[PDB]
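Report on one structure; see the data block that follows.
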Amino acid sequence: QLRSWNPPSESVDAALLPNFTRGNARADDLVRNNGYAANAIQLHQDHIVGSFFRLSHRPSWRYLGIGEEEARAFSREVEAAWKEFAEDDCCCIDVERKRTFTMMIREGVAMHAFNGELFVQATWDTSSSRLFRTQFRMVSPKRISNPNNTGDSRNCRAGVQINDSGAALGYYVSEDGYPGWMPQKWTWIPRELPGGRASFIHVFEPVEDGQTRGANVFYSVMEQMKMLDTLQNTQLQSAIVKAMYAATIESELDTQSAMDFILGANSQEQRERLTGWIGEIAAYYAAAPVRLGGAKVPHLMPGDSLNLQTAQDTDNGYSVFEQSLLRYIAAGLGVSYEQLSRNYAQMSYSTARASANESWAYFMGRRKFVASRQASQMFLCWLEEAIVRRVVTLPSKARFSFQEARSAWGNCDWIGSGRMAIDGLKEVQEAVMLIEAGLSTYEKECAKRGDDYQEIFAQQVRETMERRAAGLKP
Amino acid sequence: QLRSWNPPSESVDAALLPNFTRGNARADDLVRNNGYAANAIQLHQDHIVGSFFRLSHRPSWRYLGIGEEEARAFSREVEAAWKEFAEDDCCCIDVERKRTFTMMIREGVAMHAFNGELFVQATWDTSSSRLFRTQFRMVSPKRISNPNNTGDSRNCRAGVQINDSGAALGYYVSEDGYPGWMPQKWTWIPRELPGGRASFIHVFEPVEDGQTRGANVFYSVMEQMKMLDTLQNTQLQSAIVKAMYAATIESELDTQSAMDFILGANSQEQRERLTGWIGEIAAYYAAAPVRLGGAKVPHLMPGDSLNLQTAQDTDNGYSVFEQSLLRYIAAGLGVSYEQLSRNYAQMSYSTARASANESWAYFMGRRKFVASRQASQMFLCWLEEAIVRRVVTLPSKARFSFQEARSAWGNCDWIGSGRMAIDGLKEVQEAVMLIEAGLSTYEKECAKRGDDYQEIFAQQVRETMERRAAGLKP
Amino acid sequence: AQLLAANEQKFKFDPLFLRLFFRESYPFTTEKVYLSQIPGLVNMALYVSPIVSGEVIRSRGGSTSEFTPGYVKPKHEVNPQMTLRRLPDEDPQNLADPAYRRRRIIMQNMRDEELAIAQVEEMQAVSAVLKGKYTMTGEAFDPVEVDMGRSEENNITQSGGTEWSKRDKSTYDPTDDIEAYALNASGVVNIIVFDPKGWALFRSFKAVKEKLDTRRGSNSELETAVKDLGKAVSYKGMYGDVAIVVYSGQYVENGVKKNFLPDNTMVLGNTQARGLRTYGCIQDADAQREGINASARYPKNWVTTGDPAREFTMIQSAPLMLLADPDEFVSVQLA
Amino acid sequence: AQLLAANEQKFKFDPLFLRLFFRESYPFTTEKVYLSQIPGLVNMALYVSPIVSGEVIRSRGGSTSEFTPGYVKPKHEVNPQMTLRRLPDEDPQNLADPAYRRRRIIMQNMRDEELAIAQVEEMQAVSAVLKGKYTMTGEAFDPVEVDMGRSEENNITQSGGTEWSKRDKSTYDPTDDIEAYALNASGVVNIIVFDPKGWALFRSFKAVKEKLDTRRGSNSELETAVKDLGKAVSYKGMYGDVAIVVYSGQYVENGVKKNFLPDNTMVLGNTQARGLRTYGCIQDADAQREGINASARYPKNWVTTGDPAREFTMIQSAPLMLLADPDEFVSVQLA
């Protein structure tokens with residue numbers, strides 16, 4: 001079985017890139033034919049981004065000498081601008097003109113999960129319906145190959161032109177293949193502009209040094225493919241052969257030496273004996289009507305029957321095989337099957353909350369690992385455009401210029417899915433302890449709750465004043 | 001089975017180095033083909049570093065005569081500088097220009113887990129986008145071999161040039177092999193500069209004296225390889241032979257002496273008997289249509305059938321074999337399988353919290369053992385650069401110079417993953433007891449909570465004043 | 001002992017026979033060649049009436065389907081005791097490495113190996129299209145004559161009747177003989193490749209020398225083939241309509257060397273004649289359990305423990321290349 | 001069973017007849033050919049007085065408009081039990097795939113299919129422009145003779161009177177016969193394509209051999225056509241004014257192979273003679289309900305459930321290609 005799937009013995013990058021197309025193609029096959037990939041990407045979406053992905057700008061006020069109040073007001077301005085620019089209802093923020101920021105993050109994270117890499121391009125849109133002429137078009141991974149599909153070279157390696165030190169200079173984007181009859185032409189695309197401008201945002205997780213591509217799926221999913229095939233076929237055979245039945249006719253006849261002599265005489269010159277016996281047996285079956293049930297017994301003149309003696313008859317064991325292996329690959333691939341297909345077998349209280357909190361912290365890990373890159377890159381490009389357009393005003397006491405301290409000025413964090421609910425009592429006792437001991441700040445409280453302290457305080461002011469005015473109890 | 005894997009009887013270093021390439025290559029094979037290594041490295045990442053790795057500078061104020069307040073303010077300055085330098089959004093802190101500090105620690109810890117060693121190099125970047133011209137390029141372990149792949153020698157031993165006493169002077173870095181056709185050339189690299197400057201940070205855990213390389217994985221994982229193979233093949237055979245069926249035809253015929261005499265006469269000169277019988281049987285099967293199901297019974301003229309009598313039919317036992325062995329190697333390799341593939345079988349409350357606290361303390365062990373080295377080395381290099389650039393001001397009353405007391409001045413600790421959550425009630429009753437009895441300090445409280453006392457107090461001030469101003473309840 | 005993947009050459013430079021006439025490779029999972037199994041030429045004319053369709057068409061049952069492929073498995077040692085082929089001054093320090101010496105010496109060993117099987121295959125090819133007979137033979141092996149079926153008019157001789165040597169060296173034109181032998185070739189002839197002295201007495205006639213065009217007049221990719229294999233195929237030029245080539249390839253046998261070609265011979269036929277490269281089973285446990293029972297070639301590097309405790313490179317193959325139409329070429333021995 | 005769109009060849013290499021003389025395709029939605037329906041040559045001279053205009057001009061009612069197209073629908077199996085044509089070492093792992101084996105074997109099957117219909121169409125073409133008669137015939141089908149109307153002076157014979165074989169091989173010039181047969185051809189002749197031995201006795205005359213120009217002197221795209229189909233059309237060279245070609249194409253019939261061309265024949269005419277490719281109805285329910293009743297060819301891949309529970313590739317066509325002017329070519333049997 002190791003024949004149809006073969007690992008070379010070498011560093012992972014040189015063991016994957018030669019068989020990149022086959023592994024990725026069979027990955028496409030399984031993610032299309034199989035529901036597990038859809039469920040996994042959907043849960044990753046709903047744990048990492050969830051409803052939305054919220055920007056929070058925190059310029060390094062302490063290091064830059066900027067006042068915290070000026071930083072906070074400038075952040076208010078940039079947050080209002082960014083939310084109003086992102087909430088465009090006409091899907092107009094993409095060059096394809098059919099994806100908002102939500103689906104920017106969606107397709108980016110999905111493709112960085114599947115192929116391990118995502119490709120964003122900051123292009124200059126001309127549609128004047130918005131103040132900001134920068135859109136972000138996502139680039140397929142099929143596009144990145146060496147110019148004219150040539151094999152890897154000295155410095156042109158699977159489509160990326162690098163130096164001897166590996167520094168990613170640029171890329172050869174092959175032309176799109178949709179419809180299925182466009183030819184591919186390779187075009188030069190630099191990774192970033194010299195001034196720090198993020199033109200081609202290439203975010204991938206390298207497992208080792210010098211690696212150019214991300215992680216796969218199929219190269220650990222062939223075994224589900226062939227287990228589902230084998231369980232499927234074995235259930236089919238079991239079902240079809242629980243009551244397969246042979247309906248033949250035998251007789252006494254069979255006078256050993258006499259039967260053999262009759263057969264030999266028929267073979268030599270006395271076939272009339274066989275013809276007469278066949279006629280008698282045909283008359284037998286047409287005067288009997290030899291019929292078993294609703295159907296006719298298949299015509300068998302005496303002396304021939306099937307021997308449907310069977311193989312071993314122990315239990316198939318597939319039960320504990322499949323539970324063990326589903327277990328196995330479930331906290332292999334990472335998301336547990338007791339919800340990837342939802343068993344409720346013997347699961348208990350500590351079971352539930354321990355599994356939930358470890359899995360949720362681990363999704364927080366993946367979120368902070370493979371979402372903040374895209375978030376910061378897009379925010380940096382948008383903030384550069386805003387500074388170009390003088391939408392928001394930089395602090396006058398800027399210790400470093402915007403172009404010099406884009407990292408310092410464009411320092412930001414992002415908020416993923418909403419408020420976690422698992423037990424209730426858990427979150428509420430945590431909340432009461434934090435609010436009584438002061439062990440929670442504005443920033444981490446809002447991180448835990450998916451809200452904002454400024455708005456909760458303003459709305460509590462509104463709550464109290466409306467209760468006082470209408471006669472309610474604050 | 002001991003044939004394809006062979007231990008010599010000798011000290012571990014001389015028992016591993018001769019078979020270094022084969023063991024490491026099969027380790028690559030299993031970490032690429034198998035999901036367990038990916039899950040283990042991911043959990044090690046999320047337990048050791050987690051979200052981030054936080055620096056805290058504590059110069060030995062008491063021993064150096066430095067005031068604690070001056071030390072704390074100087075630490076504030078260096079922490080602001082280090083966070084703003086580390087938060088670079090363009091991935092520019094590496095010579096490869098594609099990894100931030102997070103992935104510095106990530107690749108370093110991953111490679112120090114796999115090969116037991118990690119190789120960092122402090123190089124002088126020329127990119128002027130940042131104030132600090134020092135980057136840190138990580139060096140592959142394949143690079144360290146004797147000059148031109150020569151075998152171990154007197155003092156040149158597997159790539160490291162040492163003295164008779166073993167002191168690691170320098171290294172022979174072979175040229176990179178990506179693309180798969182660059183030749184290797186060996187270049188001299190000293191371990192550290194004489195002035196204490198950390199040029200080539202070589203952090204590895206030696207199991208014994210004189211050992212040069214770290215620990216492996218495959219040399220304890222071949223048994224998972226061959227157990228997964230054997231369970232896979234045995235399930236395939238069981239599935240395919242639960243209903244294998246022989247469909248042959250026998251007849252009465254068989255007149256012992258007469259049949260033998262007929263066969264002998266046919267062999268000698270009377271093959272016409274066999275031809276006539278074969279013709280009669282062909283007419284038999286073409287006038288019967290001998291058909292069992294949806295398929296035709298394979299053509300068997302009388303007197304020959306398969307004897308599919310089987311072997312023993314006891315239960316395979318693989319169930320308790322595999323549970324016992326998964327158990328076995330699970331708290332062998334160290335991380336328990338009841339989460340490396342997530343069983344929820346009969347697991348209880350004391351089960352959960354005892355296992356969780358012991359495993360988490362043990363990850364705290366690994367963190368403090370294999371992360372603080374890299375953290376302190378990188379911090380020392382960065383602080384030396386900062387002193388060169390006069391970014392932060394050393395205390396005027398320095399009892400020892402910076403170059404003399406780099407260890408004393410650059411004394412630091414680091415914070416790994418965020419706030420542990422397992423039970424809730426546990427952590428909260430611990431917190432209330434510590435805050436009532438005063439049994440927790442600033443430093444260990446912040447270690448337990450993943451926060452900072454200065455910022456929690458400042459934000460509590462902000463909390464109270466905003467509640468007072470807006471009308472809320474402090 | 002190094003892995004299977006260390007078998008990279010990108011050096012396929014066979015002399016225009018196995019690459020141009022005999023492209024038609026058929027490696028099998030079965031020992032012999034079963035010409036009935038090969039479809040070869042398909043029964044390719046009949047249609048059916050515009051009401052229904054007819055019977056099922058098969059591979060049209062080749063009459064003879066049993067010959068023994070030349071299962072050739074030689075080997076050599078790559079013992080790191082030699083100084084090797086040193087390409088000019090590419091850092092002999094790596095040759096000083098046993099690792100680099102051993103890997104490029106297995107490179108050298110194996111390339112010698114496939115060029116050995118290639119040269120024996122070219123001898124098979126020259127026997128095949130010069131007489132239609134091939135001698136599947138070797139010591140401790142029965143000699144099987146594998147015949148494609150070359151006809152008598154494909155074996156007619158120039159010395160019969162009047163010889164070109166016994167003709168006017170100035171006025172006689174051998175073009176008449178050229179179409180005389182080309183007519184019974186079941187097709188058009190577009191290469192007149194000679195052995196050296198055969199072309200010598202061919203061109204000795206003046207009519208030849210003022211009928212031939214020395215110019216390029218690049219007709220096809222045969223000029224590219226000659227530029228590739230500038231060793232033993234020599235593109236003399238145009239004879240006008242037809243291309244003039246000379247093959248002077250040589251095989252270096254056990255103690256001596258001699259040309260592949262006999263003294264004075266010719267084969268008249270097309271450049272697109274159909275050549276079969278049926279390949280038998282590969283008798284190597286590695287090949288069977290990884291499915292290389294049906295392939296072209298198989299290398300391996302492997303250590304013997306015990307009496308011949310050493311390490312070797314082993315090459316295994318089983319070609320039985322033949323010609324589909326032996327009547328396609330007329331084989332003539334010259335004056 | 002794979003979709004209709006899996007019918008990509010880009011391989012149209014018919015031997016200069018259906019592509020150069022018979023470009024004039026007319027697939028119909030109706031069974032027969034209706035030469036009255038085809039405009040063909042248009043009544044193309046008369047004008048009207050400078051006061052008003054005249055009557056309505058139609059397709060000028062061809063006298064005979066009823067012949068049966070050769071509705072040819074063969075098929076084959078693509079059963080994944082064979083080892084296939086393995087192009088040299090493009091990853092036989094995909095051949096190990098039933099999907100890739102089945103798709104490229106339907107590729108191979110269907111290409112055999114259209115080259116089959118192409119070769120039978122070329123036999124129709126050679127019958128057409130060699131005698132003006134075509135035998136629309138087959139078992140369980142009446143033989144209809146489809147005649148374009150080749151005249152007697154287009155069938156005059158070289159053996160009549162004095163034969164070229166019965167002439168002086170040195171001084172006689174067959175150019176006189178060349179214009180003698182070309183004059184009654186209703187146009188200029190610019191290709192003198194022979195069958196092999198016909199060209200042999202043509203060139204046996206010296207006057208021919210010192211009158212012909214072996215040089216390229218590239219006249220038209222016929223050199224490009226020969227470079228494309230270097231198989232069976234052979235551009236001998238220039239005879240000065242006219243081009244000299246030889247066709248030695250062969251059809252491989254049910255049990256044997258033989259040349260398309262008879263022993264010694266010639267057709268004198270233009271390279272731009274008008275050739276009709278009338279095409280009949282396609283009797284396939286798929287073709288009718290998707291509108292391929294009027295087309296060239298129709299492939300399909302399709303599974304039979306039941307007794308012949310298998311899967312097949314089916315090719316359907318209905319050509320009745322003829323020549324508009326049978327008098328355009330003079331057909332001569334040679335000495």
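Labels used: A, B, ... for chains in the order of the structure tokens, numbers from 1 for residues in each chain, and numbers from 1 for ligands as shown.
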
Using only C-alpha atoms, which chain B residues lie at most 10 Å away from chain C, written as a PyMOL selection string? chain B and resi 147-151+183-185

Would you kindly report the residues of chain C within 8 Å of chain D, using only C-alpha atoms, as a count of residues only? 25

Counting only C-alpha atoms, the residue among B:386, B:178, B:467, B:142 that lies closest to residue 13 in chain A is B:178

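Proximity to chain A was assessed for B:11, B:34, B:145, B:127 counting only C-alpha atoms; the smallest distance is recorded for B:34.
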
Report, in Å with one decimal, the straight-line distance from CA of residue 388 in chain A to CA of residue 376 in chain A. 18.0 Å

Distance query range 62-77 of chain A at most 6 Å, only C-alpha atoms, self and fewer than 4 positions along chain excluded, as a list in words: residues 57 and 399 of chain A; 80 of chain B

Test item, strand (DSSP E) assignment across range 376-416 of chain B, answer as a PyMOL selection string: chain B and resi 412-415

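Among the candidates A:219, A:132, A:53, A:101, the one nearest to residue 387 in chain A when counting only C-alpha atoms is A:132.
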
Provide the CA of residue 314 in chain B to CA of residue 230 in chain B distance in Å, to one decimal place. 17.6 Å

Using only C-alpha atoms, determine which residues lie at most 7 Å from range 45-49 of chain B, disregarding the query and same-chain residues fewer than 2 positions distant; provide the list as a PyMOL selection string. (chain A and resi 365) or (chain B and resi 41-43+51-53+106+363-364+367+416-417)

Keeping only N, CA and C atoms, write the selected residues to a file as a PDB file, in the first residue's frame.
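part-v7.pdb was written with the following content:
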```pdb
ATOM      1  N   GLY A 365      -3.776  30.397  20.055  1.00  0.00           N
ATOM      2  CA  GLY A 365      -2.450  30.253  19.490  1.00  0.00           C
ATOM      3  C   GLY A 365      -2.440  30.378  17.979  1.00  0.00           C
TER       4      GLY A 365
ATOM      5  N   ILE B  41       5.349  19.156  18.650  1.00  0.00           N
ATOM      6  CA  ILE B  41       6.079  20.413  18.548  1.00  0.00           C
ATOM      7  C   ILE B  41       5.124  21.590  18.713  1.00  0.00           C
ATOM      8  N   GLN B  42       3.886  21.454  18.225  1.00  0.00           N
ATOM      9  CA  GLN B  42       2.914  22.530  18.378  1.00  0.00           C
ATOM     10  C   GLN B  42       2.562  22.728  19.849  1.00  0.00           C
ATOM     11  N   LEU B  43       2.331  21.635  20.586  1.00  0.00           N
ATOM     12  CA  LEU B  43       2.010  21.774  22.003  1.00  0.00           C
ATOM     13  C   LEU B  43       3.209  22.279  22.793  1.00  0.00           C
ATOM     14  N   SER B  51       1.807  32.565  23.336  1.00  0.00           N
ATOM     15  CA  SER B  51       1.582  33.780  22.560  1.00  0.00           C
ATOM     16  C   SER B  51       2.888  34.521  22.294  1.00  0.00           C
ATOM     17  N   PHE B  52       3.693  34.730  23.334  1.00  0.00           N
ATOM     18  CA  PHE B  52       4.912  35.517  23.225  1.00  0.00           C
ATOM     19  C   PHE B  52       5.888  35.129  24.327  1.00  0.00           C
ATOM     20  N   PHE B  53       7.093  35.692  24.244  1.00  0.00           N
ATOM     21  CA  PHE B  53       8.161  35.450  25.214  1.00  0.00           C
ATOM     22  C   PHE B  53       8.628  36.822  25.696  1.00  0.00           C
ATOM     23  N   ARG B 106      10.659  30.225  17.849  1.00  0.00           N
ATOM     24  CA  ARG B 106       9.944  29.059  17.340  1.00  0.00           C
ATOM     25  C   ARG B 106      10.892  28.072  16.673  1.00  0.00           C
ATOM     26  N   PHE B 363       6.289  21.081  31.709  1.00  0.00           N
ATOM     27  CA  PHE B 363       6.523  22.026  30.624  1.00  0.00           C
ATOM     28  C   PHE B 363       7.179  23.301  31.125  1.00  0.00           C
ATOM     29  N   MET B 364       6.876  23.712  32.354  1.00  0.00           N
ATOM     30  CA  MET B 364       7.606  24.835  32.930  1.00  0.00           C
ATOM     31  C   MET B 364       9.080  24.486  33.068  1.00  0.00           C
ATOM     32  N   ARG B 367      10.567  24.622  29.596  1.00  0.00           N
ATOM     33  CA  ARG B 367      10.684  26.024  29.209  1.00  0.00           C
ATOM     34  C   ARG B 367      11.906  26.667  29.844  1.00  0.00           C
ATOM     35  N   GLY B 416       6.832  32.968  29.531  1.00  0.00           N
ATOM     36  CA  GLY B 416       6.390  32.165  28.411  1.00  0.00           C
ATOM     37  C   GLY B 416       4.927  32.365  28.075  1.00  0.00           C
ATOM     38  N   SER B 417       4.186  31.259  28.061  1.00  0.00           N
ATOM     39  CA  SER B 417       2.785  31.285  27.664  1.00  0.00           C
ATOM     40  C   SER B 417       1.945  32.041  28.687  1.00  0.00           C
TER      41      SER B 417
END
```

Could you check how far CA of residue 276 in chain B sits from CA of residue 251 in chain A, in Å to one decimal? 23.2 Å

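Using only C-alpha atoms for every distance, the candidate list A:108, A:332, A:471, A:190 yields A:332 as the residue closest to chain B.
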
Please return as a VMD selection string: the residues of range 225-285 of chain D that backbone DSSP assigns to helix (DSSP H, G or I). chain D and resid 225 to 228 285

Can those selected residues be exported to a file as a short mmCIF file (atom, residue, chain, number, x, y, z; two decimals), in the first residue's frame so that it contains C-alpha atoms?
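Writing the result to part.cif gives the following:
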```cif
data_model
loop_
_atom_site.label_atom_id
_atom_site.label_comp_id
_atom_site.auth_asym_id
_atom_site.auth_seq_id
_atom_site.Cartn_x
_atom_site.Cartn_y
_atom_site.Cartn_z
CA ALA D 225 3.04 20.54 -46.54
CA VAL D 226 5.77 17.99 -47.28
CA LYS D 227 7.70 19.02 -44.16
CA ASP D 228 4.50 18.49 -42.18
CA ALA D 285 -29.96 10.71 -30.16
#
```
